[PDB]
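Two forms, one protein chain; structure tokens for each follow separately as structure 1 and structure 2.
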Structure 1
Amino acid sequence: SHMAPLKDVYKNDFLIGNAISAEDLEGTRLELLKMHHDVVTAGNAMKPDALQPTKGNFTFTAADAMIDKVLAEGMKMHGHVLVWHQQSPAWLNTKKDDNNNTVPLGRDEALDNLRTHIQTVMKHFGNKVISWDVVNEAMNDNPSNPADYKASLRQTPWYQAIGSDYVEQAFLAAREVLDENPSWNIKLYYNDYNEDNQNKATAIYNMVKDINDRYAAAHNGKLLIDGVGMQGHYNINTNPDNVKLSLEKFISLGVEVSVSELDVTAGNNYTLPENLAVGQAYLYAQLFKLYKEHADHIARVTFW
């Protein structure tokens, strides 16, 4: 419940977003969506399982209905998500062996599927989105050696098929689509959660800095990764000082930052309903005060 239209309050600071399903585009839900938000994210409709459920059967119909309705209603669209370990069909990066066990594909076949998916889906929606999450949730939680970002990457199905360079290869494939369609203004994001954990933030920073420093040196200073998304699945024991330290660390890469899936839930420990509501309201207030203070480098704040 918002007591003043949020997109109006924050119009000079950052886009205000919400994640939606098709139900949100009808009735009182659509009026609330429009009044408070400038930008939407599809909760599920643009994920790899929703867009390419089997090899070469691209299924864009429902996604196109959603994004055309969002634009007709005067809102923008953030694309979520080209490459993820969850909600991603097995055929992209595994096969069945002769005894019907699931095993990884080889690197070349898996790259080919990775590039084809990214490049087909990006070209289908074109500039109907303002941004894409190119890769989501690639980094382990609480990595013990964050100075070595490649050792800190989750051993997901893409990592097991392609190797530690697959995040870089995903962004190179998406950047080639934009190079070939120069009039599209679309920001390429890396998105992850638990970025208030300082080790995980250091690992993410080291990954983006390596990828972007090598790309910029070869491309007249142009960055590869334009944005870091902080998912913001926080709880009432999240320390807003740790959110500020990571926010500032990502700003120091020269990228924009967005908050992509913000929600505040109870902690580990048993809370009790009034104490829970006070904790949630106080964190939200502290986070928006921090975001306003850094608005020159925050493009969007989207709720879950």
Structure 2
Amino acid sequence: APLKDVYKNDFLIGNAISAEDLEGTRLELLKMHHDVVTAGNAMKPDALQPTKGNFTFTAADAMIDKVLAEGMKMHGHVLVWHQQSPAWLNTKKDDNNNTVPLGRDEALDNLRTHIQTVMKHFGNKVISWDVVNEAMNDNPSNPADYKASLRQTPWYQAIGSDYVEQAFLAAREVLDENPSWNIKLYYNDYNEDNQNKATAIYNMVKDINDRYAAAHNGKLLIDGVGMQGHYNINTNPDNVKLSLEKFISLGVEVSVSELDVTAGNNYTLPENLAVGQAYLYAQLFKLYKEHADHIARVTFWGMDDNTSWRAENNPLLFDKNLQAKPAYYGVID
């Protein structure tokens, strides 16, 4: 059954692509099963503004035009991150040639110009953007203080603990100026089943959205939280459920943005763990169907195990020959 038909009334079904997925049998498989795609790499900061003022949209524009011509939607990923992001945005070389943070004013100017120029370039060719990715430390010991729980990344070091909020405000201004665009703004992160990290992300989004809503008649600044769903055979779906509930209580939409389930290593998937992997996918989709009114999209991070970013750990619904694994039957249910 095509995945997007099974879940047609529940959430968009997504995948995560490179230029390889837009031709041949892979394109057919992609179109048959998914309503939406995320660029695995082509819309990251390193790909779109590799040096200051040098915006490079040609490959990303070809990808998005082909995705749309082929009947699918595009989720935009990602405007602000501490990986795949050029050092010029938030650092410089001191005299003694050490890498040090830029000052707040200059980093804020780079942050805003990146977000605004990229969003204005694509316009409403995307349905959503991951504005800020992975800003939270793992297993934070004091999630009551979100700011102290933030990863001290290059953006934090140049701008300060308010940079996640400044990123969203810059994105929100573009949508205020282009009111006909329908684009949801998301904050995206992983290990969101760790109850400490989920509390810290909840506290961040709550503080930022409460202050915005008080000033703007109840409007959301952060529209969405992306649970990346980089899960493993020991992931406890009860902790997923607690986290999904917590985020829903913000009044945001949720997406499961980069779903995969590592099982095995060294490219070897034992038969009993193919069955364990299928069983956990089936438990997760049972959970997602139960919360479908608050879940906009569930995206798998890749098509098949040999082309996963974690290929060694056999994470996905199809094998290297594009043949359905037990996982696939677990999802279709």
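Only residues modelled in both forms are compared. Structure 1 provides the reference sequence; residues are numbered from 1 along it. The term rigid core refers to the most C-alpha atoms you can superpose between the two forms while keeping them within 1.5 Å.
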| query | finding |
| --- | --- |
| Entry of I251, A266, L30, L245 that shows, once the rigid core is matched between structure 1 and structure 2, a C-alpha shift of 2 Å or more | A266 |
| C-alpha positional change at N235 between structure 1 and structure 2 - rigid core reference, Å | 0.3 |
| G279 CA shift between structure 1 and structure 2 in angstrom, with the core used for superposition | 1.9 |
| Per-residue Cα shift, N99, between structure 1 and structure 2 [Å; core superposed] | 2.0 |
| Shifted regions of at least three residues between structure 1 and structure 2, judged by C-alpha displacement of 2 Å or more after core alignment | 266-272, 274-276 |
